[PDB]
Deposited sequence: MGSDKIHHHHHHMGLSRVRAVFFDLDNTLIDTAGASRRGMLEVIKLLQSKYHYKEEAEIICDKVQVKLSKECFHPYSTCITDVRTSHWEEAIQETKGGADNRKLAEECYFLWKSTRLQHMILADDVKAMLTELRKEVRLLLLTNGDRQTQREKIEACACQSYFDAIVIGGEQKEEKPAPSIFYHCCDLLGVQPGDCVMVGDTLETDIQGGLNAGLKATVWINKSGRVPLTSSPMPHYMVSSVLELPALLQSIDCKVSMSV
C-alpha cells in the first residue's frame, strides 16, 4: 500500500493589508495629511495629533459586522473629546475623506511583488484572503489594482465568518477545487492569518514579520516566519520537496 512521496503546494492564500500593500504606512500618511489640514487650515496645535491618535484607537476597536458613517463618527467623537463643543460633522468628514483618499493613493503593489505574483501564478493558484468590510477592502484592492494577479479574492465582510474561522479557509479551498492540505497561508497577523491557517489544517502558515520580533507570551506559532512576501517562492519550492508518507 503506502509509500514516500512529494505533495506539491496547489494554492497560496495571501493577506492584503501589510502583506502586499503598506496599509500601516499609507494610513500614517493619511493621518499626517489630516494633521496638516487641522494645523494649517484650522490652527490646531498638538490637539491635532491627539485627535488622530484617538481615531487610530477607535479604528482598532471596530467590530466585525455603513462604514463611512462609522468612520466619520470616529472623527466626530475624537474631535469633540479633544476640542469639546458641539458635534462637527463637516470637519469630521473633511478629516475622514482626506485620511481615506491619502491612504488609498499610497496603497500600491511594489514592482517586485507584481513580478513575484505573476511568476507564482504559473505554478500555483493565488487567492487574496482579506478580512474587513466589503466597501473598504474593495476600495483597497481597486486602489492597488491587484485584482488581475489573483485567481480569486475573498473578503471577510462578505462571508458568515472571517479569519481565523476555519470555514472561510474551507470556502477558499472549495473555490479553487483544492484541499486545505494543499494550501499555504501568507499573512502578517498571528491571531487571524496564522491561527486561521492552523485552524483549517493548511499545508503551512507563513508569518510576514518585517521587524523579526517574536512575541513573549503564548500565541499561534506559524510554520515559517519571513520579513517579506518576496521570500515566499523559496519556501514554496522547499515545501514542494518535503517527503511524507503516501
| said: Comparing the deposited sequence with the modelled residues, which stretches have no C-alpha coordinates? | reply: 1 to 9, 75 to 78, 260
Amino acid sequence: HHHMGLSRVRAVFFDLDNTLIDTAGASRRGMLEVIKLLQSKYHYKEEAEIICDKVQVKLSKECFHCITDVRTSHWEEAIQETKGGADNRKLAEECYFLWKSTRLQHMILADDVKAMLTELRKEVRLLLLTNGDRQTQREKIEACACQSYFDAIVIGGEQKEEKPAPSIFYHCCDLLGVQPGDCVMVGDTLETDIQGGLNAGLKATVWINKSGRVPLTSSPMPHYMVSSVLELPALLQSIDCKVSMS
From here on, numbers count along this sequence of modelled residues.
| field | Stretch with the greater mean C-alpha B-factor as recorded in the entry, comparing 212 to 220 against 26 to 34 | value | 212 to 220
| said: Using only modelled residues of the chain, where does the Cα B factor of residue 198 rank: lowest third, middle third or highest third? | reply: lowest
| task | Please place residue 225 in the lowest, middle or highest third of its chain by C-alpha B factor as given in the entry. | result | lowest
| said: Lowest, middle or highest third: which one holds residue 45 when the chain's residues are ordered by CA B-factor from the entry? | reply: highest
| task | Check where residue 2 lands among this chain's C-alpha B-factors and tell me if it's the lowest, middle or highest third. | result | highest
| message | Lowest, middle or highest third: which one holds residue 159 when the chain's residues are ordered by CA B-factor from the entry? | response | highest
